[PDB]
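Asker: Have a peek at model39.csv (CSV, N, CA, C and O atoms).
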chain,number,residue,atom,x,y,z
A,97,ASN,N,-3.4,-45.5,-82.2
A,97,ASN,CA,-3.3,-45.0,-80.8
A,97,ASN,C,-3.9,-43.6,-80.7
A,97,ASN,O,-4.5,-43.3,-79.7
A,98,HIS,N,-3.7,-42.8,-81.7
A,98,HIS,CA,-4.3,-41.5,-81.7
A,98,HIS,C,-5.8,-41.5,-81.7
A,98,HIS,O,-6.5,-40.8,-81.0
A,99,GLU,N,-6.4,-42.4,-82.5
A,99,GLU,CA,-7.8,-42.6,-82.6
A,99,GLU,C,-8.3,-43.1,-81.3
A,99,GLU,O,-9.4,-42.7,-80.8
A,100,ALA,N,-7.6,-44.1,-80.7
A,100,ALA,CA,-8.1,-44.6,-79.4
A,100,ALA,C,-8.0,-43.5,-78.3
A,100,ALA,O,-8.9,-43.5,-77.4
A,101,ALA,N,-7.0,-42.7,-78.3
A,101,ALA,CA,-6.8,-41.6,-77.4
A,101,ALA,C,-8.0,-40.6,-77.6
A,101,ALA,O,-8.5,-40.0,-76.6
A,102,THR,N,-8.3,-40.3,-78.8
A,102,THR,CA,-9.4,-39.4,-79.1
A,102,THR,C,-10.8,-39.9,-78.6
A,102,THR,O,-11.6,-39.2,-77.9
A,103,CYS,N,-11.0,-41.2,-78.8
A,103,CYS,CA,-12.2,-41.9,-78.2
A,103,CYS,C,-12.2,-41.8,-76.7
A,103,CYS,O,-13.2,-41.6,-76.1
A,104,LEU,N,-11.1,-42.1,-76.1
A,104,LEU,CA,-11.0,-42.1,-74.7
A,104,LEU,C,-11.2,-40.7,-74.1
A,104,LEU,O,-11.8,-40.5,-73.1
A,105,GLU,N,-10.7,-39.7,-74.8
A,105,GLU,CA,-10.9,-38.3,-74.4
A,105,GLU,C,-12.4,-37.9,-74.5
A,105,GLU,O,-12.9,-37.1,-73.7
A,106,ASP,N,-13.1,-38.3,-75.6
A,106,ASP,CA,-14.5,-38.1,-75.7
A,106,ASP,C,-15.3,-38.7,-74.6
A,106,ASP,O,-16.1,-38.1,-74.0
A,107,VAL,N,-14.9,-40.0,-74.3
A,107,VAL,CA,-15.6,-40.7,-73.2
A,107,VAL,C,-15.3,-40.0,-71.8
A,107,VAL,O,-16.1,-39.9,-70.9
A,108,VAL,N,-14.0,-39.5,-71.7
A,108,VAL,CA,-13.7,-38.8,-70.5
A,108,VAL,C,-14.4,-37.5,-70.3
A,108,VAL,O,-14.8,-37.1,-69.2
A,109,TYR,N,-14.6,-36.7,-71.4
A,109,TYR,CA,-15.4,-35.5,-71.4
A,109,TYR,C,-16.9,-35.8,-71.0
A,109,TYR,O,-17.5,-35.1,-70.2
A,110,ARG,N,-17.4,-36.9,-71.6
A,110,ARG,CA,-18.8,-37.3,-71.2
A,110,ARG,C,-18.9,-37.7,-69.8
A,110,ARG,O,-19.8,-37.2,-69.1
A,111,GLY,N,-17.9,-38.4,-69.2
A,111,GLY,CA,-17.9,-38.8,-67.8
A,111,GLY,C,-17.7,-37.6,-66.9
A,111,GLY,O,-18.3,-37.6,-65.8
A,112,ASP,N,-16.9,-36.6,-67.3
A,112,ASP,CA,-16.7,-35.4,-66.5
A,112,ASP,C,-18.0,-34.6,-66.5
A,112,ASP,O,-18.3,-34.0,-65.4
A,113,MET,N,-18.7,-34.5,-67.6
A,113,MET,CA,-19.9,-33.8,-67.6
A,113,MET,C,-20.9,-34.5,-66.7
A,113,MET,O,-21.7,-33.8,-65.9
A,114,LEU,N,-21.0,-35.8,-66.8
A,114,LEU,CA,-21.9,-36.6,-65.9
A,114,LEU,C,-21.6,-36.4,-64.5
A,114,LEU,O,-22.4,-36.2,-63.6
A,115,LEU,N,-20.3,-36.4,-64.1
A,115,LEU,CA,-19.8,-36.2,-62.7
A,115,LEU,C,-20.1,-34.8,-62.2
A,115,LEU,O,-20.5,-34.6,-61.1
A,116,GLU,N,-20.0,-33.8,-63.1
A,116,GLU,CA,-20.3,-32.4,-62.7
A,116,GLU,C,-21.8,-32.3,-62.5
A,116,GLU,O,-22.2,-31.7,-61.5
A,117,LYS,N,-22.6,-32.9,-63.3
A,117,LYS,CA,-24.1,-32.9,-63.1
A,117,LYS,C,-24.5,-33.6,-61.8
A,117,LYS,O,-25.3,-33.2,-61.1
A,118,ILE,N,-23.8,-34.8,-61.5
A,118,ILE,CA,-24.1,-35.5,-60.3
A,118,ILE,C,-23.7,-34.7,-59.1
A,118,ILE,O,-24.4,-34.7,-58.1
A,119,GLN,N,-22.6,-34.0,-59.1
A,119,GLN,CA,-22.1,-33.2,-58.0
A,119,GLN,C,-23.1,-32.0,-57.8
A,119,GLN,O,-23.4,-31.7,-56.7
A,120,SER,N,-23.5,-31.4,-58.9
A,120,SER,CA,-24.5,-30.3,-58.8
A,120,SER,C,-25.8,-30.8,-58.2
A,120,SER,O,-26.3,-30.1,-57.3
A,121,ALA,N,-26.3,-32.0,-58.6
A,121,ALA,CA,-27.5,-32.5,-58.0
A,121,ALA,C,-27.3,-32.8,-56.5
A,121,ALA,O,-28.2,-32.6,-55.7
A,122,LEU,N,-26.2,-33.4,-56.2
A,122,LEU,CA,-25.9,-33.7,-54.8
A,122,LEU,C,-25.9,-32.5,-53.9
A,122,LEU,O,-26.4,-32.4,-52.8
A,123,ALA,N,-25.2,-31.4,-54.4
A,123,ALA,CA,-25.1,-30.2,-53.7
A,123,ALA,C,-26.5,-29.5,-53.5
A,123,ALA,O,-26.8,-29.0,-52.5
A,124,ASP,N,-27.3,-29.6,-54.6
A,124,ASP,CA,-28.7,-29.1,-54.5
A,124,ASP,C,-29.5,-29.8,-53.5
A,124,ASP,O,-30.2,-29.2,-52.7
A,125,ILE,N,-29.4,-31.2,-53.5
A,125,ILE,CA,-30.1,-32.0,-52.5
A,125,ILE,C,-29.7,-31.7,-51.1
A,125,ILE,O,-30.5,-31.6,-50.2
A,126,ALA,N,-28.4,-31.5,-50.9
A,126,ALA,CA,-27.9,-31.2,-49.6
A,126,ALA,C,-28.4,-29.8,-49.1
A,126,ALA,O,-28.8,-29.7,-48.0
A,127,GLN,N,-28.3,-28.8,-50.0
A,127,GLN,CA,-28.8,-27.5,-49.6
A,127,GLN,C,-30.3,-27.5,-49.4
A,127,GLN,O,-30.8,-26.8,-48.4
A,128,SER,N,-31.1,-28.3,-50.1
A,128,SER,CA,-32.5,-28.4,-49.9
A,128,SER,C,-32.8,-29.0,-48.5
A,128,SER,O,-33.6,-28.5,-47.8
A,129,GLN,N,-32.1,-30.1,-48.2
A,129,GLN,CA,-32.3,-30.8,-46.9
A,129,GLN,C,-31.8,-29.9,-45.8
A,129,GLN,O,-32.5,-29.9,-44.7
A,130,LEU,N,-30.8,-29.0,-46.0
A,130,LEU,CA,-30.4,-28.1,-45.0
A,130,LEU,C,-31.4,-27.0,-44.7
A,130,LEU,O,-31.8,-26.8,-43.6
A,131,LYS,N,-31.9,-26.4,-45.8
A,131,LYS,CA,-32.8,-25.3,-45.7
A,131,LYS,C,-34.2,-25.8,-45.2
A,131,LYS,O,-34.9,-25.0,-44.6
A,132,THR,N,-34.5,-27.1,-45.5
A,132,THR,CA,-35.8,-27.6,-45.0
A,132,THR,C,-35.8,-28.1,-43.6
A,132,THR,O,-36.8,-28.1,-42.9
A,133,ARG,N,-34.6,-28.4,-43.1
A,133,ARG,CA,-34.5,-28.8,-41.7
A,133,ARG,C,-34.7,-27.7,-40.7
A,133,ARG,O,-34.9,-27.9,-39.5
B,72,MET,N,-75.8,-35.2,-2.3
B,72,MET,CA,-75.5,-35.7,-1.0
B,72,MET,C,-76.1,-34.8,0.1
B,72,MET,O,-76.7,-35.3,1.1
B,73,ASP,N,-75.9,-33.5,0.0
B,73,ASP,CA,-76.3,-32.6,1.0
B,73,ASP,C,-77.6,-31.8,0.6
B,73,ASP,O,-77.8,-30.7,1.1
B,74,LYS,N,-78.4,-32.4,-0.2
B,74,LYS,CA,-79.7,-31.7,-0.7
B,74,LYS,C,-80.7,-31.6,0.5
B,74,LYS,O,-81.5,-30.7,0.5
B,75,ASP,N,-80.7,-32.6,1.4
B,75,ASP,CA,-81.6,-32.5,2.5
B,75,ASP,C,-81.0,-31.7,3.7
B,75,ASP,O,-81.4,-30.6,3.9
B,81,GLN,N,-68.8,-41.0,2.2
B,81,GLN,CA,-67.9,-40.8,3.4
B,81,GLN,C,-66.7,-39.9,2.9
B,81,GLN,O,-66.8,-38.7,3.0
B,82,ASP,N,-65.6,-40.5,2.5
B,82,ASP,CA,-64.4,-39.8,2.1
B,82,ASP,C,-64.5,-39.4,0.6
B,82,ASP,O,-63.7,-39.7,-0.2
B,83,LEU,N,-65.6,-38.6,0.3
B,83,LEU,CA,-65.7,-38.1,-1.1
B,83,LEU,C,-64.6,-37.1,-1.5
B,83,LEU,O,-64.1,-37.1,-2.6
B,84,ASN,N,-64.2,-36.3,-0.5
B,84,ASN,CA,-63.2,-35.3,-0.8
B,84,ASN,C,-61.8,-36.0,-1.0
B,84,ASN,O,-61.0,-35.5,-1.8
B,85,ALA,N,-61.6,-37.0,-0.3
B,85,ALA,CA,-60.3,-37.8,-0.4
B,85,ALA,C,-60.2,-38.4,-1.8
B,85,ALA,O,-59.2,-38.3,-2.5
B,86,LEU,N,-61.3,-39.0,-2.3
B,86,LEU,CA,-61.3,-39.5,-3.7
B,86,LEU,C,-61.2,-38.5,-4.7
B,86,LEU,O,-60.6,-38.6,-5.7
B,87,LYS,N,-61.9,-37.3,-4.5
B,87,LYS,CA,-61.8,-36.2,-5.4
B,87,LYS,C,-60.3,-35.7,-5.5
B,87,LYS,O,-59.8,-35.4,-6.6
B,88,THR,N,-59.7,-35.5,-4.4
B,88,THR,CA,-58.3,-35.1,-4.4
B,88,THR,C,-57.4,-36.1,-5.0
B,88,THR,O,-56.4,-35.7,-5.7
B,89,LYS,N,-57.6,-37.4,-4.8
B,89,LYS,CA,-56.9,-38.4,-5.5
B,89,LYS,C,-57.0,-38.4,-7.0
B,89,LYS,O,-56.1,-38.5,-7.8
B,90,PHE,N,-58.3,-38.2,-7.5
B,90,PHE,CA,-58.5,-38.1,-8.9
B,90,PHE,C,-57.9,-36.8,-9.5
B,90,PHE,O,-57.3,-36.9,-10.6
B,91,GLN,N,-57.9,-35.7,-8.7
B,91,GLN,CA,-57.2,-34.5,-9.2
B,91,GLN,C,-55.7,-34.7,-9.3
B,91,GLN,O,-55.1,-34.2,-10.2
B,92,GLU,N,-55.1,-35.3,-8.3
B,92,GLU,CA,-53.7,-35.6,-8.3
B,92,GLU,C,-53.3,-36.5,-9.5
B,92,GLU,O,-52.3,-36.3,-10.2
B,93,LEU,N,-54.2,-37.5,-9.8
B,93,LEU,CA,-54.0,-38.4,-10.9
B,93,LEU,C,-54.1,-37.7,-12.2
B,93,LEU,O,-53.3,-37.9,-13.1
B,94,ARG,N,-55.0,-36.8,-12.3
B,94,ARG,CA,-55.2,-36.0,-13.5
B,94,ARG,C,-54.0,-35.0,-13.7
B,94,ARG,O,-53.5,-34.9,-14.9
B,95,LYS,N,-53.5,-34.4,-12.7
B,95,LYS,CA,-52.3,-33.6,-12.8
B,95,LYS,C,-51.1,-34.4,-13.2
B,95,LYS,O,-50.3,-33.9,-14.0
B,96,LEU,N,-50.9,-35.6,-12.6
B,96,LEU,CA,-49.8,-36.4,-13.0
B,96,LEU,C,-49.9,-36.9,-14.4
B,96,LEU,O,-48.9,-36.9,-15.1
B,97,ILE,N,-51.1,-37.2,-14.9
B,97,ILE,CA,-51.3,-37.5,-16.3
B,97,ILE,C,-51.0,-36.3,-17.2
B,97,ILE,O,-50.4,-36.5,-18.3
B,98,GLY,N,-51.4,-35.1,-16.8
B,98,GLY,CA,-51.1,-34.0,-17.6
B,98,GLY,C,-49.6,-33.6,-17.7
B,98,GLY,O,-49.1,-33.2,-18.7
B,99,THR,N,-48.9,-33.8,-16.6
B,99,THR,CA,-47.5,-33.6,-16.5
B,99,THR,C,-46.7,-34.6,-17.3
B,99,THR,O,-45.6,-34.4,-17.8
B,100,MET,N,-47.2,-35.9,-17.3
B,100,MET,CA,-46.6,-37.0,-18.0
B,100,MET,C,-46.7,-36.8,-19.5
B,100,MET,O,-45.8,-37.3,-20.2
B,101,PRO,N,-47.7,-36.0,-20.0
B,101,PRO,CA,-47.8,-35.8,-21.4
B,101,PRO,C,-46.5,-35.2,-22.0
B,101,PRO,O,-45.9,-35.7,-23.0
B,102,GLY,N,-46.1,-34.0,-21.5
B,102,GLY,CA,-44.9,-33.4,-22.0
B,102,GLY,C,-45.1,-32.0,-22.4
B,102,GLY,O,-44.2,-31.2,-22.3
B,103,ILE,N,-46.2,-31.7,-23.0
B,103,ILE,CA,-46.5,-30.4,-23.6
B,103,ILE,C,-46.8,-29.4,-22.5
B,103,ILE,O,-47.9,-29.3,-22.0
B,104,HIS,N,-45.7,-28.7,-22.0
B,104,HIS,CA,-45.9,-27.7,-21.0
B,104,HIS,C,-46.4,-26.3,-21.6
B,104,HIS,O,-47.4,-25.8,-21.1
B,105,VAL,N,-45.7,-25.9,-22.6
B,105,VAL,CA,-46.1,-24.6,-23.2
B,105,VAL,C,-47.4,-24.7,-24.0
B,105,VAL,O,-47.9,-25.9,-24.2
B,106,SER,N,-48.0,-23.6,-24.3
B,106,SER,CA,-49.3,-23.6,-25.0
B,106,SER,C,-49.2,-24.3,-26.4
B,106,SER,O,-48.1,-24.5,-26.9
B,107,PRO,N,-50.3,-24.8,-26.9
B,107,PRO,CA,-50.2,-25.6,-28.1
B,107,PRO,C,-50.0,-24.8,-29.4
B,107,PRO,O,-49.9,-25.3,-30.5
B,108,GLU,N,-49.8,-23.5,-29.2
B,108,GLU,CA,-49.6,-22.6,-30.4
B,108,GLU,C,-48.2,-22.9,-31.0
B,108,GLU,O,-48.1,-23.2,-32.2
B,109,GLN,N,-47.2,-22.9,-30.2
B,109,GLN,CA,-45.8,-23.3,-30.7
B,109,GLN,C,-45.8,-24.7,-31.2
B,109,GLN,O,-45.1,-25.0,-32.1
B,110,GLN,N,-46.5,-25.6,-30.5
B,110,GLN,CA,-46.6,-27.0,-30.9
B,110,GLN,C,-47.2,-27.1,-32.3
B,110,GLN,O,-46.7,-27.8,-33.2
B,111,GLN,N,-48.3,-26.4,-32.6
B,111,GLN,CA,-48.9,-26.4,-33.9
B,111,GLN,C,-48.0,-25.7,-35.0
B,111,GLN,O,-47.9,-26.2,-36.1
B,112,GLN,N,-47.2,-24.7,-34.6
B,112,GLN,CA,-46.3,-24.0,-35.5
B,112,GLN,C,-45.2,-25.0,-35.9
B,112,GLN,O,-44.8,-25.1,-37.1
B,113,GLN,N,-44.6,-25.7,-34.9
B,113,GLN,CA,-43.6,-26.7,-35.2
B,113,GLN,C,-44.2,-27.9,-36.0
B,113,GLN,O,-43.5,-28.4,-36.9
B,114,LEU,N,-45.4,-28.3,-35.8
B,114,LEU,CA,-46.0,-29.3,-36.6
B,114,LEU,C,-46.2,-28.9,-38.0
B,114,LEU,O,-46.0,-29.7,-39.0
B,115,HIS,N,-46.6,-27.6,-38.2
B,115,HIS,CA,-46.7,-27.1,-39.6
B,115,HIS,C,-45.3,-27.0,-40.3
B,115,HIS,O,-45.2,-27.3,-41.5
B,116,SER,N,-44.3,-26.6,-39.5
B,116,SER,CA,-43.0,-26.6,-40.1
B,116,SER,C,-42.5,-28.0,-40.4
B,116,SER,O,-41.9,-28.2,-41.5
B,117,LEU,N,-42.8,-29.0,-39.6
B,117,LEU,CA,-42.4,-30.4,-39.9
B,117,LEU,C,-43.2,-30.9,-41.1
B,117,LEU,O,-42.6,-31.7,-41.9
B,118,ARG,N,-44.5,-30.5,-41.2
B,118,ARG,CA,-45.2,-30.9,-42.4
B,118,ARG,C,-44.6,-30.3,-43.7
B,118,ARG,O,-44.6,-31.0,-44.7
B,119,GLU,N,-44.2,-29.0,-43.6
B,119,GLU,CA,-43.6,-28.4,-44.8
B,119,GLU,C,-42.3,-29.1,-45.1
B,119,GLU,O,-42.0,-29.3,-46.3
B,120,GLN,N,-41.5,-29.5,-44.1
B,120,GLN,CA,-40.2,-30.2,-44.3
B,120,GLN,C,-40.5,-31.5,-45.0
B,120,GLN,O,-39.7,-32.0,-45.9
B,121,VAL,N,-41.5,-32.2,-44.5
B,121,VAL,CA,-41.8,-33.6,-45.1
B,121,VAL,C,-42.3,-33.4,-46.5
B,121,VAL,O,-42.0,-34.2,-47.4
B,122,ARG,N,-43.1,-32.4,-46.8
B,122,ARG,CA,-43.5,-32.1,-48.2
B,122,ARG,C,-42.3,-31.8,-49.1
B,122,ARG,O,-42.2,-32.3,-50.2
B,123,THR,N,-41.4,-31.0,-48.6
B,123,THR,CA,-40.2,-30.7,-49.3
B,123,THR,C,-39.3,-32.0,-49.6
B,123,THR,O,-38.8,-32.2,-50.7
B,124,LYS,N,-39.2,-32.8,-48.6
B,124,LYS,CA,-38.5,-34.1,-48.8
B,124,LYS,C,-39.1,-35.0,-49.8
B,124,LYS,O,-38.5,-35.6,-50.6
B,125,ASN,N,-40.5,-35.1,-49.7
B,125,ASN,CA,-41.2,-35.9,-50.7
B,125,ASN,C,-41.1,-35.4,-52.1
B,125,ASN,O,-40.9,-36.1,-53.0
B,126,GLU,N,-41.1,-34.0,-52.2
B,126,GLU,CA,-40.9,-33.4,-53.6
B,126,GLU,C,-39.5,-33.7,-54.1
B,126,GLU,O,-39.4,-33.9,-55.3
B,127,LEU,N,-38.5,-33.6,-53.2
B,127,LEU,CA,-37.2,-33.9,-53.6
B,127,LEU,C,-37.0,-35.3,-54.1
B,127,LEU,O,-36.4,-35.6,-55.1
B,128,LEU,N,-37.5,-36.2,-53.3
B,128,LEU,CA,-37.4,-37.7,-53.6
B,128,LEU,C,-38.2,-38.0,-54.9
B,128,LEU,O,-37.7,-38.8,-55.7
B,129,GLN,N,-39.3,-37.2,-55.2
B,129,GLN,CA,-40.0,-37.4,-56.4
B,129,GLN,C,-39.2,-36.9,-57.6
B,129,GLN,O,-39.1,-37.5,-58.7
B,130,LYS,N,-38.7,-35.7,-57.5
B,130,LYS,CA,-37.9,-35.1,-58.5
B,130,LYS,C,-36.6,-35.9,-58.8
B,130,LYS,O,-36.1,-35.9,-59.9
B,131,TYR,N,-36.1,-36.6,-57.8
B,131,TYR,CA,-34.9,-37.4,-58.0
B,131,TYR,C,-35.1,-38.5,-58.9
B,131,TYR,O,-34.2,-38.9,-59.7
B,132,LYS,N,-36.3,-39.1,-58.9
B,132,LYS,CA,-36.7,-40.2,-59.8
B,132,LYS,C,-37.2,-39.8,-61.1
B,132,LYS,O,-37.6,-40.7,-61.9
B,133,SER,N,-37.2,-38.5,-61.4
B,133,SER,CA,-37.7,-38.0,-62.7
B,133,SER,C,-36.5,-37.8,-63.7
B,133,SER,O,-36.5,-38.4,-64.8
B,134,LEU,N,-35.5,-37.0,-63.3
B,134,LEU,CA,-34.4,-36.7,-64.2
B,134,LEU,C,-33.4,-38.0,-64.2
B,134,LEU,O,-32.5,-38.0,-63.4
B,135,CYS,N,-33.7,-38.9,-65.1
B,135,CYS,CA,-32.9,-40.1,-65.3
B,135,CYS,C,-32.5,-40.1,-66.7
B,135,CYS,O,-33.1,-40.7,-67.6
B,136,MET,N,-31.4,-39.5,-67.0
B,136,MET,CA,-30.8,-39.4,-68.3
B,136,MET,C,-29.4,-40.1,-68.5
B,136,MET,O,-28.8,-39.8,-69.5
B,137,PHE,N,-29.0,-40.9,-67.5
B,137,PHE,CA,-27.7,-41.5,-67.5
B,137,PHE,C,-27.8,-42.7,-68.5
B,137,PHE,O,-28.9,-43.0,-69.1
B,138,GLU,N,-26.7,-43.4,-68.7
B,138,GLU,CA,-26.6,-44.5,-69.7
B,138,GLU,C,-26.9,-45.8,-68.9
B,138,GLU,O,-27.8,-45.9,-68.1
Step by step, read the file and then write its structure as structure tokens.

Answerer:
Amino acid sequence: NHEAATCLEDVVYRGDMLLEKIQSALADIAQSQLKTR
Amino acid sequence: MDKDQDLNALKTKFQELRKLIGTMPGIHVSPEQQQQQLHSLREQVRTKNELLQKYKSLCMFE
């Protein structure tokens, strides 16, 4: 169970990094569309 | 005609038609601001195209 929890935590860190990058990209796209309008 | 009928009526009708066509167009102000807005829209379209292109480049997901 500890090994499974460690694997799940690694996957959760990967997913959190991916979500942070996606949010950053979305905010960048939004700011670009705002400044270009 | 006078070198040696209702020509003035037809001329006035043509002038009124030309004025109506000019007012129907929409551009009242000088074309300077129109060209400025067109350049701004072109810049915005270029920015949107560049953003859409850059979006399809960074593809590092699983």

Asker: Please measure the separation of CA of residue 123 in chain A and CA of residue 130 in chain B, giving the value in Å to one decimal.

Answerer: 14.5 Å

Asker: With all atoms listed in the file considered, list every residue of chain A at most 7 Å from chain B, as number ranges by chain.

Answerer: A: 128, 132-133

Asker: Rounded to one decimal place, report the atom O of residue 97 in chain B-atom N of residue 109 in chain B distance in Å.

Answerer: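 Interatomic distance, atom O of residue 97 in chain B to atom N of residue 109 in chain B: 18.4 Å.
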
Asker: So how many Å separate CA of residue 116 in chain A and atom O of residue 134 in chain B, to one decimal?

Answerer: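 Atom-to-atom, CA of residue 116 in chain A to atom O of residue 134 in chain B, that is 13.4 Å.
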
Asker: Write down as JSON, numbers by chain the residues of chain B whose backbone DSSP state falls under helix (DSSP H, G or I).

Answerer: {"B": [83, 84, 85, 86, 87, 88, 89, 90, 91, 92, 93, 94, 95, 96, 97, 98, 99, 107, 108, 109, 110, 111, 112, 113, 114, 115, 116, 117, 118, 119, 120, 121, 122, 123, 124, 125, 126, 127, 128, 129, 130, 131]}
